[PDB]
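Visitor:
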Amino acid sequence: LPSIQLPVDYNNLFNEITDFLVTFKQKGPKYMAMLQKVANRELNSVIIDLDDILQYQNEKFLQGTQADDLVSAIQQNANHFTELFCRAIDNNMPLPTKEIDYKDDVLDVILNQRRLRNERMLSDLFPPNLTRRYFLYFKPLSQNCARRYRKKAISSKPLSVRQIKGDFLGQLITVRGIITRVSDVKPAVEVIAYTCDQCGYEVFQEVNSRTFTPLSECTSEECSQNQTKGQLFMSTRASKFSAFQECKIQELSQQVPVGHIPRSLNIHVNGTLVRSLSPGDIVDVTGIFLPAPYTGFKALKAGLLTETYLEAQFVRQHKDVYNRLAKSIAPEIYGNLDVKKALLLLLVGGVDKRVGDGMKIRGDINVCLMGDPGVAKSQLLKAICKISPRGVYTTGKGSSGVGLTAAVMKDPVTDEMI
Amino acid sequence: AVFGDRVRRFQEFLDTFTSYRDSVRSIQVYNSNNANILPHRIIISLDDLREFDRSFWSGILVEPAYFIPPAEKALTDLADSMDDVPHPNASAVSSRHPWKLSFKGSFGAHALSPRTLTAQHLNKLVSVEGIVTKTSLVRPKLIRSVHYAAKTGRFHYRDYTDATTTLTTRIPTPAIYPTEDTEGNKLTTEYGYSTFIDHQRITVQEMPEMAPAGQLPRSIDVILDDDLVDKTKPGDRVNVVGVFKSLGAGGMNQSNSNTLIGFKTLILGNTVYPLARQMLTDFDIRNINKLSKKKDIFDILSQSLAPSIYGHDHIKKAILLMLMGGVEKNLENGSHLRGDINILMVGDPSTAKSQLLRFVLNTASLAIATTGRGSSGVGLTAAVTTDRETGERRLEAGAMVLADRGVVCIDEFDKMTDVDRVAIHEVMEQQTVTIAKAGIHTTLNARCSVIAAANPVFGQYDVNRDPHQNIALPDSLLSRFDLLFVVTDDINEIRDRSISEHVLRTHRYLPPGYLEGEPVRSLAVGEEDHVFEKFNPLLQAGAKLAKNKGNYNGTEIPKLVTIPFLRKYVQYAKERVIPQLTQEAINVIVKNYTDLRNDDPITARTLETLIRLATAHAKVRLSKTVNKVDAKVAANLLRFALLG
DNA sequence: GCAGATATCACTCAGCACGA
DNA sequence: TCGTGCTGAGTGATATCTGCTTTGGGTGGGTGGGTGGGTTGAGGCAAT
Ligand SMILES: Nc1ncnc2c1ncn2[C@@H]1O[C@H](COP(=O)(O)OP(=O)(O)OP(=O)(O)O)[C@@H](O)[C@H]1O
Ligand SMILES: Nc1ncnc2c1ncn2[C@@H]1O[C@H](COP(=O)(O)OP(=O)(O)OP(=O)(O)O)[C@@H](O)[C@H]1O
Ligand SMILES: [Mg+2]
Ligand SMILES: [Mg+2]
Ligand SMILES: [Zn+2]
């Protein structure tokens, strides 16, 4: 393992981050208040705005006490600064002010008993991630902030699945596309908790990969001094879980080069951002582009090719009354005033649908427009049919193969009538 | 020892020729200033290397595995020494970005084809020319991982290797990230400071013509990495230079039992040489303005297109008008007034319908000649498809969708099946296609123009019947076509002689180059007769009759324009002129429409045609306002298109 | 490099007979 | 009456070892990949 001398210092960057969370002021410090809210169990998501980091950096430089460029460091390698920010928050966390319940806290009784036992044994602990109950997310650097302070924004600059190459791996980038598949929320384990039937001691194991190997024999100092072969058994009541969703994002029709087919990019959503993406939606998702190293024998036979994915961090969504509201059904069309009145009545769908002891009366005003070619029917039809929030323009034949009402077809692959 | 000697030799060679040093300096300066990114690559000519040193040239040509890496190292050392970057970045310091090499010039017997590649050419540099058929997805490949040890505060790194990444073989390195340091300290992978390169595998197929009679084509796989990742698409013709290699155990390992199959052979690509719009210069705009001012340009442009064809001048005029289209209006209510003309040709056999289609295809920026009779290949309209076994749903775009803001030249419109008729009706009426099948909901624009040809139902056009009777499509389909043209094959002795002689000329015309009439058989990739056309009796022919006004005796040589400049004219007009209707033209528009409707079924939609063609013609005159002349000429053209 | 099925060797313990 | 040194015996931990595929099929997928392979034919039912 030959070593290189990279021009990055992590102690100085950690000190800068610690100072940032205790000095920034967009009321007391913004992030101190945000953390105070979390300690009261009122907030479960802290979002770090890189615009704030840029503002703090420029304020420090203006005073003459220039420091390292934290913003560029975060984007160039983002998977490492999540840990740094979490550690800083843990170190500078404030004590709660509002009385908490503390009644049904499994990982408070467990920890209290673990402290009591450890103190009694020593007189004669747990991984940091286990106690964390907040999620840290990064907000990209907005273009306005970058242009204000004479800098270029790489994270916010939208890209396409075509432009996401291997050079961008490990950075905070934005992707523009249409969601084409979403999965059900499932619990992805982060810290497994075991219990020894002999010691009464709990063993915590961190899992940070697609696969893990469960523990069998207790590793507690009690099972070591006595050399008892106690067996560890998994307990899902004390473990830590995070909501997990897997989605797919595809390129828009405006980004595919001629003669090429659209590509798809997998997206992983963890924490509270889950359920913010739905099928058939245009979004601007910012996340960390990371690989997924293989494990086991698959690693040897797979080769050097790496399967990658996106870790979502931020999501942005691309969003006489009678006579007057009648002559406005299709201002462009000229005549047919009474017809337009009738179409307005259709739009209102005027009814107070009545259901008594079972009888149902339809509440739909059907209308037909016969005549001869040339009179403005189709133009009227598409205008009236666009006006409504929901509409479907189709020919008398029907929507493609299936005709108007419905039809049962043999499944091409499963050969089941659907 | 030998490696150092070859590195020194290539350093001396690079020193001798300053062009490559200048190229490297230029690339480095451009990269530094732009801090869209120039790749680290240099193209050397094998002829220069042969002139400088024959031994190195022969070694590269016959033993690339032992002679190429030294050249790459020499170039990398030269670039690093020449580099003057004051402050690098963590990304740059740890990046594994050496300088690659590519070759041009003349090859000897190494210029082969996929069929001629045999086992005797392995471990040699070759140049393969063929057609791309497959193109795998672009994937990242790991070549270096950098880790951080918090306890010791030091950055470690490790390099990986694969058979498809290096010409010289080494022990495979499995893709397992180091987890603990040698001293035992735990490591954390730094993903942002690692190095990943792209990887793509393509298959090149022998050119069909070179294929021996009664033999299926042969194909060879090619591997491309880094910058040469997305440069080819299926169907393109390429000339790939690379090193032919053999990979894998090929059954030699005891695990396999076939004992007959051979090894797997591919090519490690070094470079790819490929085998729309013309950027207008300063004086080209002056030329186009000069032609525009001339108050006869409409005839010149109309008859420049398809100069060979005799007669049918009004069709040529209408085709140019269609090509330049009309302004498209988008009202605040979301209403979309169509602004693209459509033309349908119906006539007896042998009236150059296919010739007109070919000429519009050649002169049109976009076009797809998807015949209406079982359009195998690309369908007329979009239709989702699924795999036989995997059932991989996917929306396959048809011809109409693949012509957005362009043109689609359908052929044999009379052979369409009911499915195509129903699809086309909706496509033209709405200008957009919304797919709601197989759990797929999407909308795809289809704004374009349609030109089609349709033969009669009885094989010959009957004058006594209406055009809607000689064609057997419902009024819904025919109404969408703005202008309908009926053309008949008339027999005139002089016309017969002219057509006969013109067709005969080509047969006696020959492939000049070999004993006349006998068994018949790019230099670079990077990259006023010009405007007007000299008269040619062989090609133009009838174009002279056009200016003569149907007089064969007339010897008025016309002022025809070459197609390449006509394309520029249409491009400039379509991308810069947005005419606005004017009152002077509008009085005549209203009067003409009223006269048509009330006096010798004409429909209100014909009014749209008048305005559309008025704007289209105003675009020809290079004016931002539609004038009376444009309206009058459009009205006359419509009158001809309606009444003979 | 990793998990599982398998067999090898070395170390320590309860019984035994004799001598104190 | 009894105390202790020598012995055979049997587990415990650890050494080498094989194996790390495997498999025909679409509720295992196609960012696992085709040098790991998959090559029907009759009968029933909707559309018309
Ligand atoms: N009162 C009117 N005001 C404005 N435009 C009109 C009016 N009456 C007719 N038109 C024009 O008549 C043309 C007729 O084409 P359109 O698309 O309406 O076909 P249609 O005959 O109504 O359709 P279909 O018979 O297929 O249902 C349209 O361009 C429309 O603009
Ligand atoms: N006006 C013309 N001037 C010169 N040649 C002409 C003219 N009209 C027709 N031809 C000749 O007609 C020949 C037949 O052309 P083409 O095969 O395209 O006919 P078509 O009518 O489109 O065919 P189809 O009846 O099969 O649809 C062409 O070789 C062309 O030389
Ligand atoms: Mg209609
Ligand atoms: Mg023809
Ligand atoms: Zn235990």
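From first to last, the protein sequence lines are chains 7 and 3.
Residue numbers 5 to 30, 59 to 156, 191 to 385, 409 to 507, in the authors' numbering, belong to the letters of the first sequence in order.
Residue numbers 19 to 53, 90 to 329, 338 to 583, 589 to 594, 618 to 690, 696 to 739, in the authors' numbering, belong to the letters of the second sequence in order.
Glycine is no exception: its CB is placed at the ideal position from the N, C-alpha and C atoms.
With DSSP run on the structure shown, which of helix, strand or coil describes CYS265 (chain 7)?
Guide: Here residue 265 (chain 7) refers to the residue found at position 199 of the first sequence. The answer is coil: DSSP assigns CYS265 (chain 7) none of H, G, I, E or B.
Visitor: Taking Cβ-Cβ distances below 7 Å as the criterion, which residues of the segment 320-335 of chain 7 are in contact with chain 3?
Guide: Correct list: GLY325 and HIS326.
Visitor: To test your reading of the DSSP string, which unbroken beta strand (DSSP E) runs of 3 or more residues are found completely within the segment 125-156 of chain 3?
Guide: With a minimum length of 3 residues, no continuous beta strand (DSSP E) run stays inside the segment 125-156 of chain 3.
Visitor: Give a yes or no on whether the minimum CB-CB distance between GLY246 (chain 3) and chain 7 is below 8 Å.
Guide: As a working mapping, residue 246 (chain 3) is identified with position 192 in the second sequence. Interface residue, yes.
Visitor: Could you check whether the Cβ of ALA699 (chain 3) sits closer than 7 Å to any heavy atom belonging to ligand 1?
Guide: Residue numbering aside, residue 699 (chain 3) sits at position 604 when the second sequence is read from its first letter. Answer for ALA699 (chain 3): yes, Cβ within range of ligand 1.
Visitor: Is there at least one non-hydrogen atom of ligand 3 closer than 7 Å to the beta-carbon of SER397 (chain 3)?
Guide: Looking up residue 397 (chain 3) in the second sequence gives position 335. No.
Visitor: Report, in whole angstroms, the separation of the C-beta atoms of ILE473 (chain 7) and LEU432 (chain 7), which I expect to be a contact under 8 Å.
Guide: On the first sequence, position 384 is the one that residue 473 (chain 7) refers to. On the first sequence, position 343 is the one that residue 432 (chain 7) refers to. Correct: roughly 5 Å between the Cβ atoms.
Visitor: Can you tell me whether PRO648 (chain 3) sits near ligand 1, meaning its C-beta is under 7 Å from at least one heavy atom of the ligand?
Guide: The residue you call residue 648 (chain 3) lines up with position 558 of the second sequence. No - ligand 1 has no heavy atom lying nearer than 7 Å to the Cβ of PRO648 (chain 3).
Visitor: Based on Cα-Cα distance, which residue from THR27 (chain 7), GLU151 (chain 7), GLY346 (chain 7) and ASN15 (chain 7) lies nearest to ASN124 (chain 7)?
Guide: Here the question's residue 124 (chain 7) lines up with position 92 in the first sequence. The shortest C-alpha separation from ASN124 (chain 7) is found at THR27 (chain 7).
Visitor: Taking the straight line between their C-alpha atoms, what separation do you get for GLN630 (chain 3) and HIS564 (chain 3)?
Guide: As a first step, residue 630 (chain 3) must be located in the second sequence, where it is residue number 540. As a first step, residue 564 (chain 3) must be located in the second sequence, where it is residue number 502. If I take the Cα positions, the gap works out to 10 Å.
Visitor: Do you know how far the Cα of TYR214 (chain 3) is from the Cα of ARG483 (chain 3)?
Guide: For the purposes of this step, residue 483 (chain 3) is taken as the residue at position 421 of the second sequence. For the purposes of this step, residue 214 (chain 3) is taken as the residue at position 160 of the second sequence. Straight-line Cα distance between these residues: approximately 58 Å.
Visitor: Under 7 Å between beta-carbons, which chain 3 residues line up against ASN109 (chain 7)? List them in chain order, please.
Guide: One-based indexing of the first sequence puts residue 109 (chain 7) at position 77. Ordered by position in chain 3, the residues that pass the 7 Å Cβ test against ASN109 (chain 7) are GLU244, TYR245, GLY246 and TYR247.
Visitor: Taking 8 Å as the CB-CB limit, is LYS195 (chain 3) close to chain 7?
Guide: Here residue 195 (chain 3) corresponds to residue number 141 of the second sequence, with the count starting at 1. At least one chain 7 Cβ lies under 8 Å of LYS195 (chain 3).
Visitor: Over what stretch of residues does the alpha helix (DSSP H) that includes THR704 (chain 3) continue unbroken?
Guide: Within the second sequence, the letter at position 609 stands for residue 704 (chain 3). It spans 700-715 - the alpha helix (DSSP H) in which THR704 (chain 3) sits, taken as one unbroken run.
Visitor: Please list the residues of the segment 287-299 of chain 7 that have a C-beta atom closer than 7 Å to any C-beta atom in chain 3, keeping them in chain order.
Guide: From the segment 287-299 of chain 7, no residue has a Cβ closer than 7 Å to chain 3.
Visitor: Considering just the uninterrupted stretch of the beta strand (DSSP E) at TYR211 (chain 3), what are its terminal residues?
Guide: Taking the second sequence and counting its residues from 1, one reaches residue 211 (chain 3) at position 157. That run of the beta strand (DSSP E) goes 208-213.
Visitor: Relative to the C-alpha of residue 1 (chain 7), which residue among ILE85 (chain 7), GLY243 (chain 7), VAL440 (chain 7) and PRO501 (chain 7) is closest?
Guide: The requested residue 1 (chain 7) is not part of the displayed model; chain 7 covers only 5 to 507.
Visitor: Around the C-beta of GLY162 (chain 3), are 16 or more other C-beta atoms found within 10 angstroms, so that it is buried, or is it exposed?
Guide: Reading the second sequence from its first residue, position 108 is the one you call residue 162 (chain 3). Looking at its Cβ environment, which holds fewer than 16 other Cβ atoms inside 10 Å, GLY162 (chain 3) is exposed.
Visitor: Taking a Cβ distance cut-off of 7 Å, strictly less, list which residues of the segment 386-413 of chain 3 are near chain 7, in chain order.
Guide: Residues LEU393, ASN395, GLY396 and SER397.
Visitor: Assuming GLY232 (chain 7) contacts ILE251 (chain 3) (C-beta within less than 8 Å), just tell me the rounded distance between them.
Guide: Residue 232 (chain 7) sits at position 166 when you count from the first residue of the first sequence. Residue 251 (chain 3) sits at position 197 when you count from the first residue of the second sequence. That belief holds up - the Cβ atoms of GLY232 (chain 7) and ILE251 (chain 3) are roughly 6 Å apart, short of 8 Å.
Visitor: Just the Cα atoms here: how many angstroms apart are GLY644 (chain 3) and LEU353 (chain 3)?
Guide: Indexing the second sequence from 1 puts residue 644 (chain 3) at position 554. Indexing the second sequence from 1 puts residue 353 (chain 3) at position 291. Going from the Cα of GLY644 (chain 3) to the Cα of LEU353 (chain 3) covers about 24 Å.
Visitor: Under 7 Å from any heavy atom of ligand 2, does the C-beta of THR413 (chain 3) make it?
Guide: For the purposes of this step, residue 413 (chain 3) is taken as residue 351 along the second sequence, with counting starting at 1. Result yes, Cβ under 7 Å from ligand 2.
Visitor: Which bits of chain 7 does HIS253 (chain 3) rub up against, with CB to CB less than 8 Å?
Guide: Position 199 of the second sequence holds residue 253 (chain 3). In chain order: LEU371.
Visitor: Compute the beta-carbon to beta-carbon distance between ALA219 (chain 7) and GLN209 (chain 7), rounded to the nearest angstrom, for a pair I have assumed lies under 8 Å.
Guide: As a first step, residue 219 (chain 7) is located in the first sequence; it is residue number 153 there, counting from the start. As a first step, residue 209 (chain 7) is located in the first sequence; it is residue number 143 there, counting from the start. Contact holds; Cβ gap of about 5 Å.
Visitor: How would you write the range of the alpha helix (DSSP H) that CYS211 (chain 7) sits in, first residue to last?
Guide: The residue labelled residue 211 (chain 7) in the question sits at position 145 within the first sequence. Where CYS211 (chain 7) is concerned, the enclosing alpha helix (DSSP H) stretches over 209-214.
Visitor: Cβ of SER370 (chain 3) versus every heavy atom of ligand 4: is any distance shorter than 7 Å?
Guide: Against the second sequence, residue 370 (chain 3) aligns to sequence position 308. No - ligand 4 has no heavy atom lying nearer than 7 Å to the Cβ of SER370 (chain 3).
Visitor: Using only the alpha-carbon positions, how far apart do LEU100 (chain 3) and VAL103 (chain 7) sit?
Guide: One-based indexing of the second sequence puts residue 100 (chain 3) at position 46. One-based indexing of the first sequence puts residue 103 (chain 7) at position 71. Rounded to the nearest angstrom, the two C-alpha atoms are 47 Å apart.
Visitor: First and last residue of the beta strand (DSSP E) that includes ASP350 (chain 7)?
Guide: Start at 1 with the first residue of the first sequence, and residue 350 (chain 7) comes out as number 284. Start and end: 347-357.
Visitor: I believe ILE327 (chain 7) touches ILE245 (chain 7) by the beta-carbon criterion, under 8 Å. Please report the beta-carbon distance rounded to the nearest angstrom.
Guide: Here the question's residue 327 (chain 7) lines up with position 261 in the first sequence. Here the question's residue 245 (chain 7) lines up with position 179 in the first sequence. Rounded, the Cβ-Cβ distance is 18 Å, inconsistent with contact.
Visitor: In whole angstroms, what is the alpha-carbon distance linking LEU435 (chain 7) and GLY452 (chain 7)?
Guide: Taking the first residue of the first sequence as position 1, residue 435 (chain 7) is located at position 346. Taking the first residue of the first sequence as position 1, residue 452 (chain 7) is located at position 363. About 11 Å.
Visitor: Using a Cβ distance threshold of 8 Å, determine whether the segment 707-717 of chain 3 contacts the segment 520-531 of chain 3, with at least three qualifying pairs required.
Guide: Output reads no: the segment 520-531 of chain 3 does not touch the segment 707-717 of chain 3.
Visitor: Quick check: what's the CA-CA separation for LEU127 (chain 7) versus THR277 (chain 7)?
Guide: In the first sequence, counting from the first residue as 1, residue 127 (chain 7) sits at position 95. In the first sequence, counting from the first residue as 1, residue 277 (chain 7) sits at position 211. C-alpha separation (whole angstroms): 36 Å.
Visitor: If I measure Cβ to Cβ from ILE647 (chain 3) and keep anything under 7 Å in the same chain, skipping five residues before and after, which residues do I get?
Guide: Taking the first residue of the second sequence as 1, we reach residue 647 (chain 3) at position 557. For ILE647 (chain 3), where only same-chain residues beyond five positions count, the Cβ hits under 7 Å are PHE625 and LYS634.
Visitor: Can you pull every residue whose C-beta falls closer than 7 Å to some heavy atom of ligand 5, listed in chain order?
Guide: Chain-ordered list of matching residues: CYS262 (chain 7), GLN264 (chain 7), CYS265 (chain 7), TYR267 (chain 7), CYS284 (chain 7), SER286 (chain 7), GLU288 (chain 7), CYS289 (chain 7), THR294 (chain 7) and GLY296 (chain 7).
Visitor: Work out the CA separation of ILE225 (chain 3) and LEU5 (chain 7) for me, nearest whole Å.
Guide: Residue numbering aside, residue 5 (chain 7) sits at position 1 when the first sequence is read from its first letter. Residue numbering aside, residue 225 (chain 3) sits at position 171 when the second sequence is read from its first letter. Computed Cα separation, rounded: 17 Å.
Visitor: Under 7 Å: does the beta carbon of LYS466 (chain 7) sit that close to some heavy atom of ligand 1?
Guide: As a first step, residue 466 (chain 7) must be located in the first sequence, where it is residue number 377. At least one heavy atom of ligand 1 is nearer than 7 Å to the Cβ of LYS466 (chain 7), so yes.
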